């Protein structure tokens, strides 16, 4: 059917780890869903030491916002590159078919904008990222990536095909940064992106990230910014890594249903302790909380988690269940 | 039902790669299974060059012992930290639900002990490891990890749900060590763990293990300590890596049925050449031997295997089957 | 049945990324399929900078040729090591059962040959590689690896067990090289393999490839050597990595049906954006092209792809489908 006869809905995006409102089960027919993103190059402090990088972002955040649509909707993205930026940008959706995922059609210089439309033919969570020719990994590893979730029209289903409904949804973007280091091991500082470029490339070629972070910084998902839930709540965590393999794990919990490679036509993996999300992929895990307290959600290369930054927290409220776990004899001398 | 009315069984653990006696099919109702482990900090020689590290162990071995229970048993672990140790330790079971997998409830200083109980609600093989706050990867990468197998009450089943029964079971723990190196590349030596700590952290941040070993040392599963089987025997190999991805492969064989991420409610992957066990996971592979001779069981990053130590051997006895493989023309000049 | 009563077919191998002619559905009974490979040690230029390595090849190419047989055929390989070579070689087939995959029976010095036969009992794509005792990773990381596809006798089937038929097949071998570097970071040069060996070992122990390439060189699958297809064509891409994990991705497309770990008794994963092929494994992905133009096929660690060489191109001809993707507003100033 002609695309102009379809309903149009405008969505205003929210900052990760939160997700714009949507329906899990499609309450309308196929729609054109309109999104707007504004590219912002900005300085970002990424660790406790105060290390500052020139970040490249969709909509001011690392990661970019989670977009949510249904299978066989059209996504129409208006991408704006304001004159206050210095670099050329575009967008590649792994959800889309053709033209390097939209990248060949979305090249915007500072002061320009573009509008792309594509049909979301496959259900799943998918990465999107910047991909300007000749400079792809530098943009991606400077923060310029996010995800899109294309839900099946009748929502998520379990391994036997019965409905799974989430009560909350969070989006964790995991970012590998490669801050250039001198012979002594200190982090180098640069006046312009062009002066930074070759040293960025050499740092990248080490294949050894200096920082691995959730939501753009060491400790961004802790303390006052801890994710929250209650005992009994069904939580979906969408997790993306545009460049590098990760292995999420909820310390004290599990992934009850896991799409490790993120595509909903496949049955979920059950009862996972840890799952592998390949670089260039987004995955999703569903968990029902059974105990209260503090949970850590980490990349289970524990060096990556506790030294390089790939750890966040859940604060969960509710009743303690002594049947599931109890201290029989509390720590004491003998 | 009240936990005090359940049967109690005490299990004495054995040193890997062997596994304590158990039943595959549950011959009793749900039980409380009592285990005891004694933490031992000790010097360990880890390679042929005689490199010696201050190891941190459960029960004197790297890896710690494989514990075996059935789905919906209770595990009751008495953890003892004797006064002859120097550090604080605890335990996190990926099998357990709540309190950072038991870690928040098991913090023992030297001279203290504790008893934790938890319900084994999910069937699978799972990692356990030490996780003291602020120092997690150092303890884990010093050897302080093992695994627990929670069998389904009616044993293992194949992809179509028919019984799979193993005749032997082995447990291979793969350990990544990060021995600190100077500018020349030699391995540094330290007087106390506290003097070692920052250099341990910096070595860990390289993300490049100096040693990757099975059962605590280069060549621990070779020669007189080679795993054994006979042609026709069904062998289960449980394989864990608490920190880093591995990819097991039986040179000359296959994984007939493989739970790569280790959770038995999922159907196994069939006929695997090599399988990926994510860091922070335990997996299990079942193979029926069809040929005699020497097999190597390796991490199939072959550098990790043959230079850094992640290789062991099976010696298999029995009849050679010329139908499956034969030398038609033996190596000769022309 | 006695092997001498079976039909014999001789196959002449072709250079990757092309694949010798075969039938997907087995048009004969079980056969002995005869292959010949000649080992060739040669100099190879692997990057745009002109870096030259002493390569070790099966049949003159990196990767070696894709062999294709059907489940329960016999593979009979005549392996020739001519007197003009310097090193000892053998072959291990992950497809085979026993004697280190054939490696214990195929040790050929220069001037010698051997003939091995094995039964292809398991359907799938499998790695083969050189594995001389004491020197395995050096040979494998010098190019001495390929793959074999053992098709099910009734061809490939989808997740529901209905026929999947490919119109074209390509084989991409991904090779990690570890070219030794001095303190300044330049690539060292060597007079003989024996003088190269320890420095090869030390470079390998970094676990950081200097080059990651498709079909033996940076840009080998671009330009005039781009893979091709037409809109509507069903393409199977077989992808192997003998030593190191990879994560293939078709920029602008998907893996419609993916055997990530490559074994055809398992149902395929659907609609993959990116998939993980563990080191020591071969995988296969099936895609029906829906849009024309240039596609990049990359390892989606984008540093590995665009800086270290793990990127190739598809040129696809046909009709542009505006329904699937269109530029609504082309890039312009506002």
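Note that the chains are named A, B and C in the order they appear, and that numbering of residues resets to 1 at the start of each chain.
One rule holds for everything that comes next: contacts are C-beta pairs under 8 Å (C-beta built on N, C-alpha and C of every residue); 3 or more make two chains touch, one makes a residue touch a chain.
Colleague: Chain contact graph: line, ring, star, complete or other?
Modeller: complete
Colleague: Can you tell me the C-alpha superposition angle of subunit B onto subunit C, nearest 5°?
Modeller: The best-fit rotation has an angle of 120 degrees.
Colleague: What is the distance, in whole Å, between the centres of subunit A and subunit B, each centre taken as the mean of its C-alpha atoms?
Modeller: 32
Colleague: Give me the residues of subunit C that touch two or more other chains.
Modeller: 208, 245, 276
Colleague: In the complex, go through subunit B and note every residue touching subunit A.
Modeller: Subunit B residues touching subunit A: 3, 76, 78, 80, 92, 94-109, 111-119, 121-124, 126-127, 131, 136-137, 140-141, 201, 204-208, 242-245, 261-263, 265-266, 276, 278-282.
Colleague: What residues of subunit B sit close enough to touch subunit C in their complex?
Modeller: Touch residues, subunit B against subunit C: 208-209, 245, 247, 249, 251-254, 260, 269-276, 290-296, 300-308, 320-321, 323-334.
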